[PDB]
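Only one structure is covered here, and it is reproduced in the block below.
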Amino acid sequence: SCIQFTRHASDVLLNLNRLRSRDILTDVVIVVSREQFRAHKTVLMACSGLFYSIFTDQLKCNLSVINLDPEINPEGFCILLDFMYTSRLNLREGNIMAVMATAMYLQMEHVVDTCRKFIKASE
Amino acid sequence: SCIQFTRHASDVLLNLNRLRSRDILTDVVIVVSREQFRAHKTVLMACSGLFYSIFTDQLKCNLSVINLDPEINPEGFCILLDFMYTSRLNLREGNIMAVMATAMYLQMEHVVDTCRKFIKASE
Amino acid sequence: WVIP
Amino acid sequence: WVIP
Ligand SMILES: CSc1ncc(Cl)c(Nc2ccc3c(c2)CC(=O)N3)n1
Ligand SMILES: CSc1ncc(Cl)c(Nc2ccc3c(c2)CC(=O)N3)n1
Ligand SMILES: [Cl-]
Ligand SMILES: [Cl-]
Ligand SMILES: [Cl-]
Ligand SMILES: [Cl-]
């Protein structure tokens, strides 16, 4: 018999992004080919199968620095980190291959799906 | 020129609630008249003006235990904590007064608004 | 607010 | 996915 507030999840995510932009309560640095990205472990886990696996590991859960595979493109990661905190994906002809490869590595199934679809339309 | 995934914010919140239910990466205990509630500081801040003020304070941001005012009802808090992580509010004739008072103290404006409206309909 |  |  609950009532539901339609905009609640969006408002929560908007506030989480405001905390990220002001570097409030960020608890991890993600290193991508020397570029550094500060974030909240819980948000990374909520969006990515890879971060979910990493931060549920009894040793890795306590790390303040995570280094990604050197093949990972920093711009592709940045676009995906922005998507995690906003639901918005900056998908462009020039970045789609790097975004899809990064989303496959991060295990972000819905992003991988839209990249496959946009690539298929161009062929 | 971004594309947007409609269900992303809801899916993020659902995963944050899964982490709460399994007590994963919870970083604070909220004490309400001896009852204890584990949660994520970032989610509490994203939902409540009171928690936002508390965890942006340079001293309180580091506390692992927060004690609420003794007038706060533990059931009212529990219903609001559930709403924070699900967008669903269990509003009932028997709890509406405790839920509204707790939402006013926690500074959860949309919850206060629906409580005022439901009370006005019954008068 | 809605009935979910 | 939509055009926001
Ligand atoms: C599976 S239970 C669960 N519970 C809590 C969390 Cl934080 C979580 N995250 C997560 C796991 C896998 C995947 C994603 C998020 C996005 C994606 O495409 N795959 N999962
Ligand atoms: C105001 S900027 C901002 N930035 C980040 C966060 Cl985490 C935040 N939360 C917050 C503040 C006030 C209120 C709520 C959340 C719910 C409500 O009714 N009032 N606010
Ligand atoms: Cl470390
Ligand atoms: Cl995704
Ligand atoms: Cl403490
Ligand atoms: Cl609210």
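Each chain of the structure tokens is named A, B, ... in the order shown, its residues numbered from 1; ligands are numbered from 1 in display order.
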**Request:** May I ask you to extract the residues of chain A within 7 Å of chain C, using only C-alpha atoms, and to give them as a PyMOL selection string?
**Result:** chain A and resi 3-6
**Request:** Show me which residues sit within 6 Å of ligand 3 when counting only C-alpha atoms and all ligand atoms, and put them as a PyMOL selection string.
**Result:** chain A and resi 63-65
Okay, now the selection with N, CA, C and O atoms, as a PDB file, in the first residue's frame?
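again.pdb was written with the following content:
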```pdb
ATOM      1  N   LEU A  63      40.781  -0.608  -0.596  1.00  0.00           N
ATOM      2  CA  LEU A  63      41.739   0.161  -1.387  1.00  0.00           C
ATOM      3  C   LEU A  63      41.172   1.539  -1.702  1.00  0.00           C
ATOM      4  O   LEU A  63      39.973   1.656  -1.975  1.00  0.00           O
ATOM      5  N   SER A  64      42.042   2.569  -1.662  1.00  0.00           N
ATOM      6  CA  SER A  64      41.641   3.944  -1.969  1.00  0.00           C
ATOM      7  C   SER A  64      42.031   4.299  -3.413  1.00  0.00           C
ATOM      8  O   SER A  64      41.624   5.336  -3.927  1.00  0.00           O
ATOM      9  N   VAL A  65      42.818   3.427  -4.063  1.00  0.00           N
ATOM     10  CA  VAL A  65      43.267   3.599  -5.444  1.00  0.00           C
ATOM     11  C   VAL A  65      43.046   2.288  -6.217  1.00  0.00           C
ATOM     12  O   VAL A  65      43.479   1.218  -5.766  1.00  0.00           O
TER      13      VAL A  65
END
```
**Contacts with ligand 6 at most 12 Å, only C-alpha atoms and all ligand atoms counted, listed as a PyMOL selection string** = (chain A and resi 4-12) or (chain B and resi 44-50+80-89+99-100+102-115) or (chain C and resi 1)
Taking only residues of chain A that have an atom at most 6 Å from an atom of ligand 2, what is each one's shortest atom pair and its distance in Å to one decimal, using only C-alpha atoms and all ligand atoms, in chain and number order, as a tab-separated table?
```
residue	atom	partner	partner_atom_place_in_ligand_line	distance
A:15	CA	ligand 2	5 (C)	4.3
A:16	CA	ligand 2	7 (Cl)	5.8
A:18	CA	ligand 2	5 (C)	5.0
A:19	CA	ligand 2	5 (C)	5.2
```
Generate a file of the selected residues that holds N, CA, C and O atoms, formatted as a short mmCIF file (atom, residue, chain, number, x, y, z; two decimals), in the first residue's frame.
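Now in result20.cif:
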```cif
data_model
loop_
_atom_site.label_atom_id
_atom_site.label_comp_id
_atom_site.auth_asym_id
_atom_site.auth_seq_id
_atom_site.Cartn_x
_atom_site.Cartn_y
_atom_site.Cartn_z
N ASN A 15 21.83 14.76 -6.78
CA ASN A 15 22.56 15.15 -5.56
C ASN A 15 23.88 14.41 -5.43
O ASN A 15 24.85 15.00 -4.97
N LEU A 16 23.91 13.11 -5.81
CA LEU A 16 25.16 12.34 -5.81
C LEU A 16 26.16 12.97 -6.78
O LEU A 16 27.34 13.07 -6.45
N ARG A 18 26.24 16.19 -7.61
CA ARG A 18 26.63 17.45 -6.96
C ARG A 18 27.73 17.18 -5.95
O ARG A 18 28.69 17.94 -5.88
N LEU A 19 27.61 16.06 -5.18
CA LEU A 19 28.67 15.67 -4.24
C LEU A 19 29.96 15.35 -5.00
O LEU A 19 31.04 15.78 -4.58
#
```
When DSSP is applied to the backbone of this structure, which of region 55-117 of chain A are assigned strand (DSSP E or B)? Write them out as a PDB file with C-alpha atoms, in the first residue's frame.
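Here's the written file part_27.pdb:
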```pdb
ATOM      1  CA  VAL A  65      43.267   3.599  -5.444  1.00  0.00           C
ATOM      2  CA  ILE A  66      42.174   1.261  -8.302  1.00  0.00           C
ATOM      3  CA  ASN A  67      44.296   1.026 -11.483  1.00  0.00           C
ATOM      4  CA  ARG A  88      23.369  10.825 -19.915  1.00  0.00           C
ATOM      5  CA  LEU A  89      25.769   9.245 -22.397  1.00  0.00           C
TER       6      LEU A  89
END
```
**Asked** Of the residues A:38, A:21, A:121, A:51, which is the one nearest to ligand 1, using only C-alpha atoms and all ligand atoms?
**Response** A:51
**Asked** Of the residues A:93, A:69, A:75, A:123, which is the one nearest to chain B, using only C-alpha atoms?
**Response**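 Selected residue with least distance to chain B: A:93.
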**Item:** All residues 8 Å or closer to residue 41 (chain A), only C-alpha atoms, same chain fewer than 6 positions away omitted, as a count of residues only
**Value:** 5
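If you measure from each of B:119, B:32, B:101, B:24 to chain A using only C-alpha atoms, the closest one turns out to be B:24.
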**Asked** In Å to one decimal, how far is CA of residue 29 (chain B) from atom 13 (C, counted along the ligand's line) of ligand 1?
**Response**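 About the pair atom 13 (C, counted along the ligand's line) of ligand 1 and CA of residue 29 (chain B): they are 27.0 Å apart.
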